[PDB]
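A.B. asks: Experimental structure below, sequence on top.
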Number of protein chains: 2
Amino acid sequence: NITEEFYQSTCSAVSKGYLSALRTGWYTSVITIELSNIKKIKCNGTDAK
Amino acid sequence: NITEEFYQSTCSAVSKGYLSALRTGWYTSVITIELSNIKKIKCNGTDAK
């Protein structure tokens, strides 16, 4: 539950009640896509498909 | 209504009651199909369709 206090003396306000989720480190994964090595496309067929 | 008589004396029978439809003449009509005069089929396209 979020609460808040305003300090008239210093023209400031503090909002309390929050929970942390701090990124402290890193995890690295390797994502791969298997590719087909193809050069040539041998076909003289002029079909639309 | 079809009727029939058998003659024992001459081993024969006659079937009566029929109505005629005799072809006596001919009527001649000319049926036509409009054709497209085409020779060439100019197209090097090797498409399946």
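C.D. replies: Noted; the coordinates are in hand. Residues are numbered from 1 along each chain as shown, chains lettered A, B, ... in the order given.

A.B. asks: Contact partners for residue A:2?
C.D. replies: Going by Cβ atoms under 8 Å, 6 or more residues apart in numbering or on different chains, residue A:2 touches A:15-18. In this view, the C-beta of every residue, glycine as well, is placed from N, C-alpha and C.

A.B. asks: Looking at these, which one is closest to chain B?
C.D. replies: residue A:18 (66.1 Å; Cβ to the nearest Cβ).

A.B. asks: ok, now which ones touch that closest one?
C.D. replies: Contact analysis of residue A:18 by Cβ under 8 Å, 6+ apart lists residue A:2.

A.B. asks: Identify the residues contacting residue A:47.
C.D. replies: Residues B:46-48 are the ones in contact with residue A:47 under the rule Cβ under 8 Å, 6+ apart.

A.B. asks: Residue A:49 too?
C.D. replies: residue B:48.

A.B. asks: Looking at the contacts of residue A:2, which are in strands?
C.D. replies: Using DSSP state E, the members of these that fall in strands are A:15-16.

A.B. asks: about what we covered before: mind putting the contacts of residue A:47 into CSV with secondary structure?
C.D. replies: Listed next are the contacts of residue A:47 as CSV, based on DSSP: H, G, I helix; E, B strand; the rest coil:
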residue, secondary structure
B:46, coil
B:47, coil
B:48, coil
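
A.B. asks: could these go into TSV alongside distance to residue A:34?
C.D. replies: TSV is the format used below for the contacts of residue A:47 (distance: Cβ to Cβ, whole Å):
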residue	distance to residue A:34
B:46	33
B:47	33
B:48	31
